[PDB]
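Trainee: I have a structure here, written as structure tokens, and I will follow up with some questions on it.
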Protein chains: 2
Amino acid sequence: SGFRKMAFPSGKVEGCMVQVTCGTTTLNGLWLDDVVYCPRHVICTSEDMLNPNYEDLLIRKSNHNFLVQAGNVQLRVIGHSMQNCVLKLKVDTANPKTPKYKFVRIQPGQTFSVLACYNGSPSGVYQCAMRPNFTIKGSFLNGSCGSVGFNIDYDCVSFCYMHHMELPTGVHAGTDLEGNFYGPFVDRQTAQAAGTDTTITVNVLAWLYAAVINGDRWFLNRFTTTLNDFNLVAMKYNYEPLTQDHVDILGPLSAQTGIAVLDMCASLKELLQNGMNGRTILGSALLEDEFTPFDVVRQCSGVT
Amino acid sequence: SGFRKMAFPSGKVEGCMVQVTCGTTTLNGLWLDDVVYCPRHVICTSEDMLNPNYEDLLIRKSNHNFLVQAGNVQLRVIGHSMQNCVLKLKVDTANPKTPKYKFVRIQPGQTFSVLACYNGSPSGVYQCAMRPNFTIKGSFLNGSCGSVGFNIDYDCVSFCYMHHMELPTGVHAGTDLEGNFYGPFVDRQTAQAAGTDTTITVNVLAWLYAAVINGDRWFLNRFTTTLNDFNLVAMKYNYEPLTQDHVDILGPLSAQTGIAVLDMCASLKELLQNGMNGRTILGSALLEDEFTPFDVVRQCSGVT
Ligand SMILES: Cc1ccncc1-n1ccn(-c2cccc(Cl)c2)c1=O
Ligand SMILES: Cc1ccncc1-n1ccn(-c2cccc(Cl)c2)c1=O
């Protein structure tokens with residue numbers, strides 16, 4: 001019993017972190033096999049931050065200008081290339097600690113763990129969701145660029161995020177491991193609209209099922225609703241519209257608890273319309289949307 | 001910017017986790033040097049759970065009855081001893097992945113990371129506080145016993161907790177690494193009073209400083225208070241009395257923000273008396289007490 005915002009064990013990712021320095025900028029890199037991946041803005045100086053011409057900036061750099069250090073040992077760079085917003089530095093040594101891994105592009109509403117790093121050294125690990133507007137609400141300071149987000153399925157690490165930027169609003173933006181930004185963002189020091197965010201409805205319902213499993217049940221009521229009626233409420237409260245695909249993904253939780261998905265939607269409708277009345281659910285005084293239905297099943301069943 | 005409930009990177013601890021089986025019970029062990037530490041209740045069966053005679057139960061076991069497996073490899077047990085509520089199994093091989101470590105007894109109100117494990121395999125990592133009543137509100141299922149809590153200072157892991165029990169109330173209890181329970185608990189399947197808990201005042205103040213540093217400032221007011229006046233409010237709201245020692249530990253945060261500790265106490269007094277009025281602080285709709293002043297400084301300065 002108990003339900004916590006749990007991150008994946010970070011060990012397999014810690015063994016991939018390196019420091020990358022180019023000129024006067026230092027950030028983190030991810031060393032997998034004989035390639036080090038890092039944000040391309042490592043080649044920038046302050047003057048070329050408002051609108052860097054990355055192609056021109058990279059043309060002034062040679063393999064020997066990319067200083068890559070894995071703890072105390074220096075890696076020899078034998079190639080460099082830019083793919084979208086990431087640099088790929090080919091090194092002469094494959095990382096002996098490379099885990100089984102994949103590069104994935106996650107969907108908005110999905111969750112992942114972040115290993116925050118500075119100077120190639122791990123600082124901490126936390127779980128978060130990719131917002132529907134493709135930003136993340138992380139904890140990142142200057143020097144954290146190149147820190148990565150990931151999920152782990154048994155012995156395989158699926159890398160889904162690399163940190164690049166803090167928007168002027170204090171929220172974070174980054175790319176997949178092929179250097180493609182999530183959302184409309186560009187790697188420039190400019191104000192950029194993130195767009196309307198919404199609450200991840202399917203996740204809030206999953207967390208309400210986690211609450212019932214762990215004994216917080218005060219929010220269960222005598223009511224039911226329909227997808228149409230619930231979606232009118234979701235529209236009013238800036239929640240993502242619930243679809244049959246979301247209802248289907250909540251199937252295992254509905255089967256485990258015996259609470260029909262539309263019945264849980266009626267409880268969520270009442271909490272949206274009436275608030276929590278000074279009460280808490282799983283130690284939270286707001287409706288939590290950073291646990292997917294898969295997260296709830298995993299945590300409630302002890303998957304390792 | 002951004003503030004998250006961050007856990008320490010778990011890698012150094014993952015390399016110490018082993019599975020321990022005795023008879024029909026399997027739980028986790030911590031392999032440091034040539035010793036494996038695990039909860040002594042691994043030697044129990046269901047019949048002897050209400051009140052086990054651990055001395056008698058252990059007398060029926062020999063070194064060869066303790067099956068210790070580190071991933072796929074079996075460790076040879078050459079000795080066994082019970083120290084308080086923990087068993088120490090001496091093995092013939094020192095763990096090659098033993099980090100620099102210490103065993104510490106943490107104080108109530110201090111925080112630590114937990115690496116939840118099942119069958120010797122890491123499942124997830126989360127940060128929590130040792131409650132003032134010496135319980136933890138964790139996320140643990142059957143099989144998680146032997147999972148440990150720790151802090152990391154550079155390359156040294158300070159192990160402070162080993163999980164033993166879930167009380168009938170769903171909260172958790174465990175020991176230091178010498179097998180001494182935190183709190184009044186005993187390792188028996190019996191209802192046990194945990195005692196009145198309180199909110200960790202110094203931590204809530206630290207988190208309010210973290211909020212101001214990250215831009216959430218709506219709760220700052222034109223008022224001040226005294227330790228005496230604030231403590232009358234803390235008494236009414238079941239908060240720990242604030243002392244000069246707590247004020248002194250908040251010194252760095254008060255210096256960084258320019259907000260006098262008693263001025264922040266006046267903001268906390270107003271939030272206690274008036275509530276949040278439907279607003280949030282660092283994404284929370286309640287007053288958070290799981291960040292120590294040290295945690296706030298570390299996260300706000302990027303310590304690795
Ligand atoms: C200062 C900071 C804090 C947290 N995460 C990231 C940062 N951070 C460090 C550099 N950049 C940056 C901003 C815009 C464009 C480009 Cl190419 C880089 C940034 O946002
Ligand atoms: C079932 C469970 C779930 C989460 N954490 C722990 C457990 N859990 C597994 C065994 N015990 C136990 C209870 C009382 C006394 C003793 Cl010696 C052992 C327990 O509490």
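Convention: chains lettered A, B, ... in structure tokens order; per-chain residue numbering from 1; ligands numbered from 1 as shown.
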Please return as an MDAnalysis selection string: the residues of region 85-300 of chain B that backbone DSSP assigns to helix (DSSP H, G or I).

Mentor: chainID B and resid 201:213 227:236 244:249 251:257 261:274 293:300

Trainee: List the spatial neighbours of residue 100 (chain A) as a ChimeraX atom specification - criterion: any atom at most 8 Å away, only C-alpha atoms, same-chain residues fewer than 5 positions off excluded.

Mentor: /A:155-157

Trainee: Could you state the separation of CA of residue 25 (chain A) and CA of residue 173 (chain A) in Å, given to one decimal place?

Mentor: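 These two atoms are separated by 19.0 Å.
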
Trainee: May I have the residues of chain B within 6 Å of chain A, counting only C-alpha atoms, written as a ChimeraX atom specification?

Mentor: /B:1-4,6-11,121-126,138-141,170,285-286,304

Trainee: Take the residues just selected and output them with N, CA and C atoms as a PDB file, in the first residue's frame.

Mentor:
ATOM      1  N   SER B   1      15.103  26.723 -13.070  1.00  0.00           N
ATOM      2  CA  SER B   1      13.830  26.896 -12.417  1.00  0.00           C
ATOM      3  C   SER B   1      12.995  25.610 -12.424  1.00  0.00           C
ATOM      4  N   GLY B   2      11.974  25.608 -11.585  1.00  0.00           N
ATOM      5  CA  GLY B   2      11.148  24.444 -11.351  1.00  0.00           C
ATOM      6  C   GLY B   2      11.620  23.760 -10.083  1.00  0.00           C
ATOM      7  N   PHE B   3      10.703  23.134  -9.363  1.00  0.00           N
ATOM      8  CA  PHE B   3      11.048  22.439  -8.122  1.00  0.00           C
ATOM      9  C   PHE B   3      10.296  21.146  -8.076  1.00  0.00           C
ATOM     10  N   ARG B   4      11.025  20.040  -7.943  1.00  0.00           N
ATOM     11  CA  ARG B   4      10.457  18.708  -8.001  1.00  0.00           C
ATOM     12  C   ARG B   4      10.804  17.868  -6.787  1.00  0.00           C
ATOM     13  N   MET B   6      12.599  15.393  -5.833  1.00  0.00           N
ATOM     14  CA  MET B   6      13.718  14.707  -6.446  1.00  0.00           C
ATOM     15  C   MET B   6      14.339  13.670  -5.538  1.00  0.00           C
ATOM     16  N   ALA B   7      14.620  12.477  -6.063  1.00  0.00           N
ATOM     17  CA  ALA B   7      15.319  11.428  -5.321  1.00  0.00           C
ATOM     18  C   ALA B   7      16.790  11.455  -5.753  1.00  0.00           C
ATOM     19  N   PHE B   8      17.673  10.848  -4.963  1.00  0.00           N
ATOM     20  CA  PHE B   8      19.069  10.729  -5.342  1.00  0.00           C
ATOM     21  C   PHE B   8      19.156   9.720  -6.470  1.00  0.00           C
ATOM     22  N   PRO B   9      20.185   9.838  -7.339  1.00  0.00           N
ATOM     23  CA  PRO B   9      20.369   8.810  -8.378  1.00  0.00           C
ATOM     24  C   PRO B   9      20.618   7.462  -7.694  1.00  0.00           C
ATOM     25  N   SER B  10      19.858   6.456  -8.077  1.00  0.00           N
ATOM     26  CA  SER B  10      19.867   5.170  -7.364  1.00  0.00           C
ATOM     27  C   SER B  10      20.947   4.151  -7.756  1.00  0.00           C
ATOM     28  N   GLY B  11      21.732   4.421  -8.795  1.00  0.00           N
ATOM     29  CA  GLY B  11      22.735   3.492  -9.315  1.00  0.00           C
ATOM     30  C   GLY B  11      23.651   2.811  -8.317  1.00  0.00           C
ATOM     31  N   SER B 121      15.324  -7.074  -7.243  1.00  0.00           N
ATOM     32  CA  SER B 121      15.353  -6.243  -8.436  1.00  0.00           C
ATOM     33  C   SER B 121      14.700  -4.891  -8.215  1.00  0.00           C
ATOM     34  N   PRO B 122      15.395  -3.821  -8.615  1.00  0.00           N
ATOM     35  CA  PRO B 122      14.856  -2.472  -8.399  1.00  0.00           C
ATOM     36  C   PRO B 122      13.622  -2.194  -9.234  1.00  0.00           C
ATOM     37  N   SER B 123      12.629  -1.592  -8.606  1.00  0.00           N
ATOM     38  CA  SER B 123      11.346  -1.299  -9.229  1.00  0.00           C
ATOM     39  C   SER B 123      11.192   0.202  -9.476  1.00  0.00           C
ATOM     40  N   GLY B 124      11.639   1.012  -8.520  1.00  0.00           N
ATOM     41  CA  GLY B 124      11.496   2.448  -8.638  1.00  0.00           C
ATOM     42  C   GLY B 124      12.128   3.199  -7.484  1.00  0.00           C
ATOM     43  N   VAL B 125      12.274   4.506  -7.629  1.00  0.00           N
ATOM     44  CA  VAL B 125      12.914   5.324  -6.611  1.00  0.00           C
ATOM     45  C   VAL B 125      12.077   6.542  -6.296  1.00  0.00           C
ATOM     46  N   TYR B 126      11.916   6.836  -5.010  1.00  0.00           N
ATOM     47  CA  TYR B 126      11.152   8.015  -4.614  1.00  0.00           C
ATOM     48  C   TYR B 126      11.720   8.658  -3.372  1.00  0.00           C
ATOM     49  N   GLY B 138       5.359   5.438   2.472  1.00  0.00           N
ATOM     50  CA  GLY B 138       6.019   4.965   1.264  1.00  0.00           C
ATOM     51  C   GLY B 138       5.102   4.297   0.268  1.00  0.00           C
ATOM     52  N   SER B 139       5.687   3.532  -0.635  1.00  0.00           N
ATOM     53  CA  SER B 139       4.919   2.765  -1.610  1.00  0.00           C
ATOM     54  C   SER B 139       5.593   1.413  -1.600  1.00  0.00           C
ATOM     55  N   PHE B 140       4.998   0.486  -0.877  1.00  0.00           N
ATOM     56  CA  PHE B 140       5.599  -0.815  -0.658  1.00  0.00           C
ATOM     57  C   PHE B 140       4.544  -1.882  -0.712  1.00  0.00           C
ATOM     58  N   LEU B 141       4.817  -2.966  -1.410  1.00  0.00           N
ATOM     59  CA  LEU B 141       3.924  -4.114  -1.454  1.00  0.00           C
ATOM     60  C   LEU B 141       4.630  -5.301  -0.792  1.00  0.00           C
ATOM     61  N   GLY B 170      -1.662   1.244   6.799  1.00  0.00           N
ATOM     62  CA  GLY B 170      -1.087   1.491   5.483  1.00  0.00           C
ATOM     63  C   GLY B 170       0.169   2.340   5.470  1.00  0.00           C
ATOM     64  N   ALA B 285      -1.448  21.957  -3.770  1.00  0.00           N
ATOM     65  CA  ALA B 285      -2.556  22.662  -3.133  1.00  0.00           C
ATOM     66  C   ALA B 285      -2.548  22.474  -1.601  1.00  0.00           C
ATOM     67  N   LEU B 286      -1.457  21.941  -1.055  1.00  0.00           N
ATOM     68  CA  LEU B 286      -1.259  21.842   0.368  1.00  0.00           C
ATOM     69  C   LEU B 286       0.175  22.268   0.733  1.00  0.00           C
ATOM     70  N   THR B 304      25.786  17.863  -7.439  1.00  0.00           N
ATOM     71  CA  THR B 304      25.832  16.540  -8.054  1.00  0.00           C
ATOM     72  C   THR B 304      26.565  15.510  -7.200  1.00  0.00           C
TER      73      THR B 304
END

Trainee: Which residues come within 10 Å of residue 289 (chain B), counting only C-alpha atoms, excluding same-chain residues fewer than 3 positions away, as an mmCIF file with N, CA and C atoms, in the first residue's frame?

Mentor:
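Ended up saving to result-v6.cif:
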data_model
loop_
_atom_site.group_PDB
_atom_site.id
_atom_site.type_symbol
_atom_site.label_atom_id
_atom_site.label_comp_id
_atom_site.auth_asym_id
_atom_site.auth_seq_id
_atom_site.Cartn_x
_atom_site.Cartn_y
_atom_site.Cartn_z
ATOM 1 N N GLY B 109 11.912 14.038 10.552
ATOM 2 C CA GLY B 109 11.868 15.286 9.796
ATOM 3 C C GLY B 109 12.889 15.315 8.676
ATOM 4 N N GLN B 110 13.900 14.425 8.736
ATOM 5 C CA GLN B 110 14.881 14.354 7.657
ATOM 6 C C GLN B 110 14.322 13.541 6.491
ATOM 7 N N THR B 111 14.873 13.767 5.297
ATOM 8 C CA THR B 111 14.391 13.116 4.097
ATOM 9 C C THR B 111 15.409 12.116 3.590
ATOM 10 N N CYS B 128 11.181 10.670 0.250
ATOM 11 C CA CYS B 128 10.179 10.799 1.300
ATOM 12 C C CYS B 128 10.822 11.340 2.556
ATOM 13 N N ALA B 129 9.992 11.638 3.571
ATOM 14 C CA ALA B 129 10.532 12.106 4.836
ATOM 15 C C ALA B 129 10.266 11.069 5.898
ATOM 16 N N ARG B 131 8.651 10.647 9.108
ATOM 17 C CA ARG B 131 7.681 11.466 9.855
ATOM 18 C C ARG B 131 8.181 11.758 11.271
ATOM 19 N N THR B 199 3.231 18.076 11.353
ATOM 20 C CA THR B 199 3.821 18.584 10.123
ATOM 21 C C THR B 199 5.206 19.179 10.443
ATOM 22 N N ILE B 200 6.185 18.938 9.579
ATOM 23 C CA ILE B 200 7.564 19.365 9.812
ATOM 24 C C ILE B 200 7.714 20.819 9.408
ATOM 25 N N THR B 201 7.502 21.697 10.379
ATOM 26 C CA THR B 201 7.517 23.141 10.175
ATOM 27 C C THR B 201 8.723 23.681 9.428
ATOM 28 N N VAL B 202 9.940 23.291 9.834
ATOM 29 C CA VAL B 202 11.150 23.812 9.207
ATOM 30 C C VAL B 202 11.191 23.475 7.724
ATOM 31 N N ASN B 203 10.635 22.303 7.353
ATOM 32 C CA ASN B 203 10.569 21.867 5.957
ATOM 33 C C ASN B 203 9.568 22.659 5.164
ATOM 34 N N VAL B 204 8.385 22.937 5.739
ATOM 35 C CA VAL B 204 7.376 23.765 5.049
ATOM 36 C C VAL B 204 7.969 25.159 4.795
ATOM 37 N N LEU B 205 8.661 25.740 5.798
ATOM 38 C CA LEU B 205 9.308 27.053 5.582
ATOM 39 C C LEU B 205 10.354 26.962 4.466
ATOM 40 N N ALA B 206 11.155 25.861 4.437
ATOM 41 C CA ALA B 206 12.170 25.711 3.386
ATOM 42 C C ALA B 206 11.518 25.662 2.004
ATOM 43 N N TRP B 207 10.392 24.952 1.901
ATOM 44 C CA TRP B 207 9.662 24.820 0.656
ATOM 45 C C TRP B 207 9.035 26.155 0.256
ATOM 46 N N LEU B 208 8.591 26.966 1.223
ATOM 47 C CA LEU B 208 8.108 28.315 0.899
ATOM 48 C C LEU B 208 9.269 29.175 0.331
ATOM 49 N N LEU B 286 -1.457 21.941 -1.055
ATOM 50 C CA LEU B 286 -1.259 21.842 0.368
ATOM 51 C C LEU B 286 0.175 22.268 0.733
ATOM 52 N N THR B 292 13.794 19.284 3.121
ATOM 53 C CA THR B 292 14.518 19.950 4.189
ATOM 54 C C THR B 292 15.143 21.231 3.621
#

Trainee: State, in Å with one decimal place, the distance from atom 13 (C, counted along the ligand's line) of ligand 2 to CA of residue 73 (chain B).

Mentor: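 Going from atom 13 (C, counted along the ligand's line) of ligand 2 over to CA of residue 73 (chain B) covers 28.7 Å.
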